[PDB]
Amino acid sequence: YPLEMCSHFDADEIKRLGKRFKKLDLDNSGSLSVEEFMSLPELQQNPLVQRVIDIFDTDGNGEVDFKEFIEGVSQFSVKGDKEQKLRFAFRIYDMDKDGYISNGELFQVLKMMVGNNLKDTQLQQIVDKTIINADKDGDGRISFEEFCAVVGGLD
């Protein structure tokens, strides 16, 4: 498929995105490694970088090729709808990509974000209670619909 049919982007946008991808691909491998993203100072103290890369990496080979790059950034186009943004936010927490946020995933992802700002015991307690309150079907994990019920109004 042409990439403008796999994203919110037109051909002009694809070409520009290509120019940035090339600049980031330091070894002309045709894929971006985590190390290549980290070469940007601005991404330095950013706990979300690892998660975004993992989400972009749809074939799970640890790197981001140009198609993955385009489809990843597309999820943040101004032309993306509310549902797409909620889906991306959910994906931040759903580490193993099975479509549910488990207790362990929620803890690990929050721990990436909070660092030492909370003790593990404190963080576990608030993760547990978030899940108890949001888990409507009692399976101990958070579905996409359960997630949206919590955050849908935040915009």
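Heads up, when I say rigid core I mean the largest set of C-alphas that superpose within 1.5 Å between the two forms. The first residue of the shown sequence is 1; numbering continues from there.
Stretch 115-123 is the one, of 115-123 and 64-72, whose CA positions lie farther from the shown form in 8 other deposited structures of this protein once all structures are superposed by the rigid core. When the two stretches 100-108 and 56-64 are set side by side, the higher mean Cα temperature factor goes to 56-64. A summary of the deposited B-factors shows that, of 39-47 and 125-133, the stretch with the larger mean C-alpha value is 39-47. Among the modelled residues of its chain, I92 has a C-alpha B-factor that falls in the lowest third according to the deposited record.
Among all modelled residues in its chain, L86 ranks in the middle third by Cα B-factor. Per the deposited record, the Cα B-factor of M113 falls in the lowest third when ranked against the other modelled residues of its chain.
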